[PDB]
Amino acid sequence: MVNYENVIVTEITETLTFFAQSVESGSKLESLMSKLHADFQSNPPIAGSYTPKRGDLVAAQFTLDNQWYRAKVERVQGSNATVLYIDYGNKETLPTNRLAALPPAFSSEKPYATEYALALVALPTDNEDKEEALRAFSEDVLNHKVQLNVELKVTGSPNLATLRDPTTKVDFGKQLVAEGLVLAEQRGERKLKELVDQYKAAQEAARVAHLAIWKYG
């Protein structure tokens, strides 16, 4: 009877945080991107006429496809800026001449992607084990429809969330633990006790089975 949210995972970072879009907001973003494309084709901005302050919400021309996206300026350094593509979750450093003022019409809708921390998962000690963990998790969830549950709200940073396969009901983060690819996190929130204990047992099973990072005990 847990109220799962149907999401699509759109971006995964190197610390196993991830960005997810709501499935029922898919048409909303689709419409926005189509209107933004048409707007900036009809009235293309003048390159170099805009420079941002840190925090500005802008239109940014993605270096990959030369299309315009909604973006938050996170850092400005001379001729370049670091931006977050708020509807998808990826970041890049970019010349400021590829930034323009976002028309107030596109600025009111909340970001269509939200960042979360994968609940109770810690990356392994080895660097190559780290890579494999990120590869394995991306293969599991990237671009896929999954069920998300927020486990803990965190003030000032991404909330803790589990991800579940809609068909098998397998907890993806826990599966990473059971496969011996990541470590289980121990923490004290009583509401997280059951999940903490379960992830601990999964880690233990992977240890006994000598899986992956636990190969040489």
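Residues carry their position along the shown sequence, with the first being 1.
Between 80-88 and 121-129, it is 121-129 that carries the larger average Cα temperature factor according to the deposited entry. Among the modelled residues of its chain, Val23 has a C-alpha B-factor that falls in the highest third, as given in the PDB entry.
Among all modelled residues in its chain, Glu115 ranks in the lowest third by Cα B-factor. Annotation for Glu185: C-alpha temperature factor in the highest third relative to the rest of the modelled chain, per the entry. Remark: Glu204 belongs to the middle third of its chain, ranked by C-alpha B-factor as recorded. In this PDB entry, the Cα temperature factor of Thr51 sits in the top third of its chain's modelled residues, the highest group.
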